[PDB]
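Considered here are two forms of the same protein chain, supplied as structure tokens in two stand-alone entries, structure 1 and structure 2.
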Structure 1
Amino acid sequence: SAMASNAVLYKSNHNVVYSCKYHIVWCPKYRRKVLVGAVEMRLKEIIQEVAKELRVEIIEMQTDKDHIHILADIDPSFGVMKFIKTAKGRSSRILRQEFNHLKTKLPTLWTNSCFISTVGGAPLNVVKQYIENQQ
């Protein structure tokens, strides 16, 4: 992980060659510090199952009590929202079934929002000038 190359390695679906990495962040309802202990270990396991099913590659994932950071490699045609929607939605249903305190003390496990930031190997300014200098 610490020595994982950040150099691009493209992949493709039937019509698109791509490399789309997203930094996704979301928090529990009311920003409660519920992602600890067992809840945390299960959350990551669940999201990993979702990733495998959705052909999404979790490059990095760390939970930190009242929020979670994921760095995912997703097919842009598939849609980062499909991954997020499934990871959050399934993790909610399951974690709330497995951990009664999350079902009784919160109307929902997550909020309706999330933070999404795309990332690449190169910084935005490098790409911008590269495009700018096409001719």
Structure 2
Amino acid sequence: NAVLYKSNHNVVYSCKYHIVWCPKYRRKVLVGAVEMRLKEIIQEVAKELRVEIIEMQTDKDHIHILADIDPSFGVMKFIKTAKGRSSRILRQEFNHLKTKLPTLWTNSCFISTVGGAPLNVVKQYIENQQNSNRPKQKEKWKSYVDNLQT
């Protein structure tokens, strides 16, 4: 044994999604403190899953999110974590929520990918690949790419 190993995983991506779900029964409970606190929690979760929240607006009976999601974690990981934590904390902080409702959200949510990205990007990805003789233009093209804020 004693073989020490290394594993590398590199991904180049643009994964934007529109996401919306509603509270149970769709009760217009997303207001005042509740509303603010919901966005605060969700931002925290996004930060933990390298998710960039491009935009988040709440009406009163639903929330709509536009965000780029690192696929290594994935959109479901994000939705279930966002829902689960906001559902847990909110019911603990707001009594009208924990007693007047069995759950905060439903098992339902809406997801749809949007694509604010060309195709000449692909060619660039390829053209910038190695081939035994790749010294330059690689860790160059990589460092050129953007990272999730944090």
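Rigid core here is just the name for the largest C-alpha set that superposes within 1.5 Å across the two forms. When a residue number appears, read it as a position in the sequence of structure 1, where counting begins at 1.
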{"item": "Position that moves between structures 1 and 2 after core superposition, taken from 13, 111, 117, 19, with Cα shift of 2 Å or more", "value": "13"}
{"item": "Per-residue C-alpha deviation between structures 1 and 2 [residue 129; rigid core superposition; Å]", "value": "18.9"}
{"item": "Once the two forms are fitted on their core, CA shift of residue 75 between structures 1 and 2 in Å", "value": "1.5"}
